[PDB]
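First up is the structure itself, then whatever we jot down about it.
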Amino acid sequence: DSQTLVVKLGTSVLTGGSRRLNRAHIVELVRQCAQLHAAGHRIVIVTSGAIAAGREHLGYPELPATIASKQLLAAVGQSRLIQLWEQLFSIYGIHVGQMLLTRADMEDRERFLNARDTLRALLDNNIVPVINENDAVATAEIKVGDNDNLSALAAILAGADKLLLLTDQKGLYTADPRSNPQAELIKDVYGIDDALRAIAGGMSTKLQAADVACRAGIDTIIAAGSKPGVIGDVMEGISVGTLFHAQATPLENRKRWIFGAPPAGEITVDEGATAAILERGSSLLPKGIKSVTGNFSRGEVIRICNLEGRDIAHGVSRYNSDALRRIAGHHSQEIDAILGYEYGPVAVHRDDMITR
Amino acid sequence: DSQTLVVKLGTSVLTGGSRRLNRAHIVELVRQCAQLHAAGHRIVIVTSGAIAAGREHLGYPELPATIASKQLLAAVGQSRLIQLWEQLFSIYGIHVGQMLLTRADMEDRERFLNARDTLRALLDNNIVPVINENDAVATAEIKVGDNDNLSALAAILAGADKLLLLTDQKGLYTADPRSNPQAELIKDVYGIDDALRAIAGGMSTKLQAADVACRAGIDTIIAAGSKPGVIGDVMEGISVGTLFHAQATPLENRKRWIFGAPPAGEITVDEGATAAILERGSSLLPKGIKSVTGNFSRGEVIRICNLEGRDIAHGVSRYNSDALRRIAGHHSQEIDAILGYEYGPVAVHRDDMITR
Amino acid sequence: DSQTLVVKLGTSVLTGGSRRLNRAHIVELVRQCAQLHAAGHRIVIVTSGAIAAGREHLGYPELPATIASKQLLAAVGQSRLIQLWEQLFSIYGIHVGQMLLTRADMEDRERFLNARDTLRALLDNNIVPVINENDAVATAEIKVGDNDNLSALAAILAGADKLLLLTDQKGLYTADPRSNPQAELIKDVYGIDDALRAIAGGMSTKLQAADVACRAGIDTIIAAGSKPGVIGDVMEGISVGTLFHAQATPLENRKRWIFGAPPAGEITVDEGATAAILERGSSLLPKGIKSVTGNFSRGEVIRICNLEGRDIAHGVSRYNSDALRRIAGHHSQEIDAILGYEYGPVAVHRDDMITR
Amino acid sequence: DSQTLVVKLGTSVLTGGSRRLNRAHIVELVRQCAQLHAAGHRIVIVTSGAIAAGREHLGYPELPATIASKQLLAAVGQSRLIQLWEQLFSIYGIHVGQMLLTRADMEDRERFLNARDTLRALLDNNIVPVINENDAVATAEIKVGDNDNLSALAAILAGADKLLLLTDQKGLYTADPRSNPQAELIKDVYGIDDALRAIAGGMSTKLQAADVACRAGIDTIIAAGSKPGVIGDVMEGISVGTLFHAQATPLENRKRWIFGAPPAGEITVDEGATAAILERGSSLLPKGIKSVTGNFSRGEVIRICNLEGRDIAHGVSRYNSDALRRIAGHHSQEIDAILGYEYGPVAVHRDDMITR
Amino acid sequence: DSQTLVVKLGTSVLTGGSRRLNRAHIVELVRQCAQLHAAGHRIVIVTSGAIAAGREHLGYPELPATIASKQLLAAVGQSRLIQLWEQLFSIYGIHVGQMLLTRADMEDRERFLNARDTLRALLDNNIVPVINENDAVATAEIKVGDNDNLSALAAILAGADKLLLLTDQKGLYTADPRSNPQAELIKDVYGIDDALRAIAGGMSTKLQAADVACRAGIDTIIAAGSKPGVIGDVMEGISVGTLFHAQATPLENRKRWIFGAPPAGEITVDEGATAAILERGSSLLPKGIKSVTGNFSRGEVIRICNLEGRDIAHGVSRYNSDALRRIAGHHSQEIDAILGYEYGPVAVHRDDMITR
């Protein structure tokens, strides 16, 4: 039962509050993640703290406290941090891939598909992808976000089963633990309500990310990074901190994604392909394509109809309208010859359409 | 209560029986050693497996099975292994210094003193020294030995309190554990006897090293590398394997070292340094020297006598006879100007002399 | 026509007088050496400046000006310098190997043979050997030498054709170039006479090294490191600086080495082996051996005589007397089975004997 | 949704009725299997016809028609056929492993476990295992069986989802197709009854194997080898021939396997391990073992009880009683050190007990 | 004077201590075996090292150190090693047959007979049988045995005259050759005793195999694989290593085998067959069979009595009781017609019977 887990590490966890990175905690977490990976699970890491790496690499220079200095430090520390991550993960024989993503890329239909394909390839080739925010084109408000929303976006993109948010605190408490001895850590949360938001006054960003993940059908866990073996316990299901149960199911999220917008086009599908899609729930092949109507790009939701014209399914196109028209009615092995490139042997994946 | 601990790691422990180094076990042991170092103790590491590092670095070439190939692989793997040790120890902010030693250097009087000085400087500057055998000028008869005797020699050189020999077995057993369910692990050994040698049939080299270490007053412990927290337990004194108690005391070993060979010279000492040596057991400074007789080199044992001629102490010279003659009666700050170099402010250290 | 070249790089050349290594000059020299290596020649590098690398790696600490500090710095600088050398040589796809040597090993009969075998293996497997001085057991007087004599010793050990000593000066001048405008660069030297040592007043160590190398039949060239393409021009025979012609031939040096000491033993050789040795000048195999008389270690010069008893040749034994006695009369492929190790298929190599 | 499919190929299918193997059909089936493997599935191949390979390799000698000749031909053709299979599978970059199994081995408790572990390793390392019957120790009656029962045994061992029995005929017919034009191929069979046995008079062996597989909870399909794309259609679920539905569930088969015999021993399990087994259904670790009672070998079903002695589960031991006693209470990484070998880090796998 | 020889080659001999098979040594040994085969003798080869072949074929993958990995490697190395053996033997025009056997097969009465018949057919058709342990169903303790006991079992099965065990050492030594120069090679051994077992400490397995072979009346020789022409000298009779003379005679071994267990049945034999058995020592034919009493399987020891009921001989049945009952009193040419198969033209072979 292999599962996909996304781990978010804040700068406070990585540095321990100091000016530099604390590599002992990082290597312990890497050991736990390597155990999980060897167990057969898929791990995706979202990290931060490139500024500390940049400061360390430059010999801690005396720079003015401007956003330009922060951008410079982030630019150097991106490379420095990826190098550190690969050095630490090479101890257990695990390769690391770098991903620089922004929210605008998530919004775009085609860029989302490209990022999903790249991440899926990375995961299928047993490579742990390290995902950070592209600070080259980011703003200060995005910098204050600390990749919290980015973690939820990455979890949605990867289709992960659990999302773990490591922080300094043990999780969510009923009241202030310092003032109230009776204040207790909340264990299970089923619905994020305004009362919970009032209780926790970047914990608010963590709650927002947890709500976003839960609305997509992904369980969210908030725990303390300093807790030993926290990742393994989260993987096993043992309670270590505040848990946010998934409000919906992944199929609901797929329906929401497919039917969120009206179709941008329609294509004609032969009878055999129609039967395969309906009876067996198979993906759509370019051979069964008979006619392409309208104009659209790769990743846009399109309408699928049989020869009779009846709506049979709604799905996401893996090719643009022109390419689909050109490769219609050909064997999947000739797509590269016809187009000069290939996005895969299928026109619409089975998991990417809703049959109706 | 700072103590000096020497850890010996065979190729079996490092590689786990494979063709390549297993870095998970090594990083765990490094974590334990770093905890001990942070606790304030001094750690010296004797390592092997340069051949494995050389094989891995060269892309595993198909070299002929010859001693020349082994020397080739050792030459490359020395640098590769020191690099690996430095990378692993830098995680906890600890620097690593390389030292290559042979038994011939230990036998020599002057080279022993030079190696001791280098190791003492490394230990005083909070740097973990990594000791290996110089395979460029080595022979196969010690290549089969796997640094077992070199570990004891290094323990003697460093003035260590405990010597730990990590191995595959849990230690020493009364009988064969496989054949005899009643066979149990021997916990304490006070005198290495012929019966013990007959019991263990390469445990023989480890027994010889343990005997050599115990004869010099150093406790020897044999344990299993795979045992979790072995180094910490050994440091605390908890029983984890076969323990060989020290048959002698460090004072006895010093007496043996001083009186092992006849004095190679004699020096004359004024009354002030005589009172310093006798009443307080202080070291000897070049100011107190009045006359130097005989020819000797650095490290030779010399005879110390007062103005009358009565013998007061025997000690190990830190300068050769010519240098002592040239710097006699001068302040310690002028040694560098007079000679062009210096070996310290004292002519004979208090710990290298025996008052009588 | 492959040739063996030994390049000695002092600390002044490596650092340019600064406190840290200047990697631009080093990478240029590495480019020249890589060109020569790809051309089919054999390159041996004698380096220095470990103290600079140790200072740089430690963050330039405020160590007291003591020899203990120098040894402390060298202990880390050795590893750092070898890492730098391998990084620079890996650009041109050339592997490197570390060899730590002392003059005492060169004086020894057996350690000399072991070092020669290791170096020959390194050279035959297309690996550039980097030779330095073992500072763990070295003295201050050796430290002030700066590997001038070690360079000549390594040149003799490697059987090199040319020894190149890079320095700051352009070469050797008849008079002081600064004071006397007409003072010019001496081009060729045929004998190091008293006048030459009078002219050059640390140039004296370089003259001593050149004398040692030329006495063994190796051409010594003194040039300036900053000169562009100096190594290539030295290889092609162009004049770039003072050249010291070889006073003797390698055959004369071999005779001096063989007949320097009386033979330590004697062996009896078959008539077939006699025919191989006398007419054809071949090596000696263990099959032809019948009786070994006397006790000797590996590397000792022994006497070879036929069955009737007359001397035929004197050579250097590759095995000790006991091993030769045990393996005499067996095929060369059984040596490992008989002894548990081997030093090669021949008992006395052709180049290590003088037929008479 | 990866699935494990076992394909059995008879001699008639491989040779097409000729004296020699017909490699065109074999390479077509290999192409289909390679497509399935690249799709992410697991394939196990049971083959025959080694006698034909032996005849072809020996140049078709004129041997007497005795069982000894057939045994010799099988002995040569085993190697020849494995070589042919690996050559054909290397075209698509798939490695092939050979396993020789007999029914008596499956009957043994320990040999069954060893074979299962070997097959699981082969499948997990993406290697197609080719399974045949060891004809060296087999009898003539076993030879007439044509690996039909062996195919079902291998399917049970691998835990396959479907079993395909290629044959000359299209499958099972209601009547004789030649005599009766109204005779039709039976598509689905839910229970093998005596009427079906009477209908088909080695088709009977095929029915026996199908019944054995169905009673184990594995679907059995009988089709014609000459049918194009038969394997792909079979795995996709398209009907191509007689289908035998699974009478029982895999959990029923596991219960039958576990409770077939009374436990041969009992062990004591700590409270934490008891909670892990009960609450989470995890496997048993050697650390949680507290006492081993009775004598048993690896693979035997044993009784698991908590500290209170209550019977909590029944499972299959991966180690013998002596090894379990010796390694009880130790961390899994020390099993190899204690025993000299390791059967895995767990005592009993979670799939290998029934919690009660 | 044709003789049968069994040669056992350990992994150390095959690989020379490296990670891969050294084919020069193997081809030399194959050349010697081919010369012997051409001379008219019979050769049986027992080999190991499938793990090395599996590692080489799979591109030396990085597998975890577990017995599962060893089984995975062996599953491919078996085919690779058989292919290598047949490739090397085809140079001299000799075919090779594969035989996978285990000790349990030797224990079984009928499997022993089947293996003996297969091996006899292979030998009679000038095919060298290559024998290895079936690692699919083997245990770790079987792997550590290195086919030593299996070699003796195969020698017993084949009825070989000599058994040759190639090893790294030159043979059995009175004392340690390294420590004691007076230690010499024990040329002849007539009885394996406690002192011999104490002298040699995997030499113990070799001694056990030699004892087993000697008690069966087969000479055992331990020599060094690297020795040139060892196989030819062994066949000729030259002393190349420790020789273990046969303690018993083949007739004694046959009597021990026959009378090891009481007869499982009895048959009635006509007077002509009785006369042939007693006077001429001929084998028993199905024609002379008069009655079959009791039930038994092929290979079981049965009791032979004449018409009067007097016991005449004890032998081993080549058929089961039912088959003998069915074919009793019929000609040998009709056995195949009656049974559909034939185990030979005789009921009990003369060499398998003991007249009494």
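Chains: A, B, ... in order of the structure tokens. Residues: from 1 per chain. Ligands: from 1, in order shown.
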- Can you list, as an MDAnalysis selection string, every protein, DNA or RNA residue that comes within 8 Å of stretch 96-113 of chain A when you count only C-alpha atoms, leaving out same-chain residues fewer than 6 positions away? chainID A and resid 82 85:86 89 122 127:134 138 150 153 157 297:300
Using only C-alpha atoms, find each residue of chain B with at least one atom at most 7 Å away from an atom of chain D; report its shortest atom-to-atom pair and that distance in Å (one decimal), sort the rows by chain and rising residue number, and return the result as JSON lines.
```
{"residue": "B:168", "atom": "CA", "partner": "D:337", "partner_atom": "CA", "distance": 5.7}
{"residue": "B:169", "atom": "CA", "partner": "D:337", "partner_atom": "CA", "distance": 5.9}
{"residue": "B:226", "atom": "CA", "partner": "D:334", "partner_atom": "CA", "distance": 5.7}
{"residue": "B:227", "atom": "CA", "partner": "D:334", "partner_atom": "CA", "distance": 6.5}
```
Selection to disk with C-alpha atoms, as a compact mmCIF listing (two decimals), in the first residue's frame:
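Done, and the output landed in again_21.txt:
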```
# COMPACT_ATOMS: atom_id res chain seq x y z
CA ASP B 168 31.10 -8.28 13.42
CA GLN B 169 30.79 -10.61 16.41
CA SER B 226 25.79 -2.99 14.56
CA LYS B 227 24.87 -2.61 18.24
```
- Shell of 12 Å around residue E:44, only C-alpha atoms, local chain residues under 6 positions omitted, as a PyMOL selection string: chain E and resi 3-9+30+33-34+36-37+96-99+119-120+122-123+126-132+151-152+154-164
- Task: Pick out the residues sitting within 7 Å of residue C:265, and hand them over as a list in words; count only C-alpha atoms, and ignore anything fewer than 2 positions along from it in its own chain.
- Result: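 Near neighbours after the sequence-gap exclusion: residues 263, 293, 294, 295, 296, 302 and 303 of chain C.
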- Message: With DSSP run on the backbone, what are the strand (DSSP E) residues within stretch 40-89 of chain D? I'd like them as number ranges by chain.
- Response: D: 42-46
- Message: With DSSP run on the backbone, what are the alpha helix (DSSP H) residues within stretch 37-147 of chain B? I'd like them as a PyMOL selection string.
- Response: chain B and resi 37-38+50-57+67-89+103-107+109-124+140-143
- Task: Would you mind reading off the distance between atom CA of residue C:29 and atom CA of residue C:54, one decimal, in Å?
- Result: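 For atom CA of residue C:29 relative to atom CA of residue C:54, the distance reads 21.8 Å.
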- Note on the structure: Min atom-atom distance to residue A:49 from the set A:147, A:253, A:87, A:114, counting only C-alpha atoms, belongs to A:147
- Message: If I take atom CA of residue D:310 and atom CA of residue D:272, how far is one from the other in Å, to one decimal?
- Response: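 Distance reported for this atom pair: 14.7 Å.
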- When you draw a straight line from atom CA of residue E:71 to atom CA of residue B:12, how long is it in Å? 21.9 Å
- Mind checking which residues fall within 10 Å of residue C:69, counting only C-alpha atoms, ignoring those fewer than 3 positions away in the same chain, and posting them as a list in words?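 So, after excluding close chain neighbours, the residues are residues 118, 121, 122 and 125 of chain B; 51, 62, 63, 64, 65, 66, 72, 73, 74 and 75 of chain C.
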Keeping C-alpha atoms for every residue in the selection just given, could you write it to a file as a short mmCIF file (atom, residue, chain, number, x, y, z; two decimals), in the first residue's frame?
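And here is the file that came out, out-v8.cif:
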```
data_model
loop_
_atom_site.label_atom_id
_atom_site.label_comp_id
_atom_site.auth_asym_id
_atom_site.auth_seq_id
_atom_site.Cartn_x
_atom_site.Cartn_y
_atom_site.Cartn_z
CA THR B 118 51.09 16.29 16.05
CA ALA B 121 48.05 19.49 18.80
CA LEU B 122 45.16 18.03 16.80
CA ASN B 125 42.50 22.19 18.84
CA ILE C 51 49.84 24.73 5.37
CA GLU C 62 44.67 32.90 15.18
CA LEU C 63 47.07 30.08 15.96
CA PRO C 64 50.28 30.91 17.85
CA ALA C 65 53.47 30.89 15.77
CA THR C 66 54.71 27.48 16.89
CA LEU C 72 48.26 21.11 13.03
CA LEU C 73 47.69 23.09 9.84
CA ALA C 74 49.45 20.53 7.64
CA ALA C 75 47.33 17.70 9.08
#
```
- Shell of 12 Å around residue B:59, only C-alpha atoms, local chain residues under 6 positions omitted, as JSON, numbers by chain: {"B": [20, 52, 53, 73, 76], "C": [95], "E": [60]}
Selection file, N, CA, C and O atoms, as a short mmCIF file (atom, residue, chain, number, x, y, z; two decimals), in the first residue's frame:
```cif
data_model
loop_
_atom_site.label_atom_id
_atom_site.label_comp_id
_atom_site.auth_asym_id
_atom_site.auth_seq_id
_atom_site.Cartn_x
_atom_site.Cartn_y
_atom_site.Cartn_z
N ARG B 20 31.18 -1.99 -1.45
CA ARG B 20 31.25 -0.55 -1.29
C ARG B 20 30.95 -0.15 0.15
O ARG B 20 30.37 -0.91 0.93
N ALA B 52 38.15 -0.10 -0.85
CA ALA B 52 36.77 0.03 -1.31
C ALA B 52 36.51 1.40 -1.91
O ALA B 52 35.85 1.53 -2.95
N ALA B 53 37.02 2.45 -1.26
CA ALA B 53 36.85 3.80 -1.78
C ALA B 53 37.55 3.96 -3.12
O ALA B 53 37.02 4.60 -4.04
N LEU B 73 44.58 0.90 -5.55
CA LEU B 73 43.29 1.21 -4.96
C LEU B 73 43.46 1.90 -3.62
O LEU B 73 42.71 2.82 -3.30
N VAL B 76 44.42 5.68 -4.22
CA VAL B 76 43.26 6.54 -4.53
C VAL B 76 42.29 6.62 -3.35
O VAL B 76 41.76 7.70 -3.02
N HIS C 95 42.60 11.03 -13.33
CA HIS C 95 42.56 10.68 -11.92
C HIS C 95 43.90 10.97 -11.28
O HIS C 95 44.92 11.10 -11.96
N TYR E 60 26.15 -5.43 -12.21
CA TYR E 60 26.56 -5.18 -10.83
C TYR E 60 25.60 -4.21 -10.16
O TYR E 60 25.99 -3.09 -9.81
#
```
- Query: What lies within 9 Å of residue D:232 using only C-alpha atoms, ignoring chain neighbours under 4 positions off, as a list in words?
  - Reply: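 Here the qualifying residues turn out to be residues 32, 33, 35, 36, 236, 237 and 238 of chain D.
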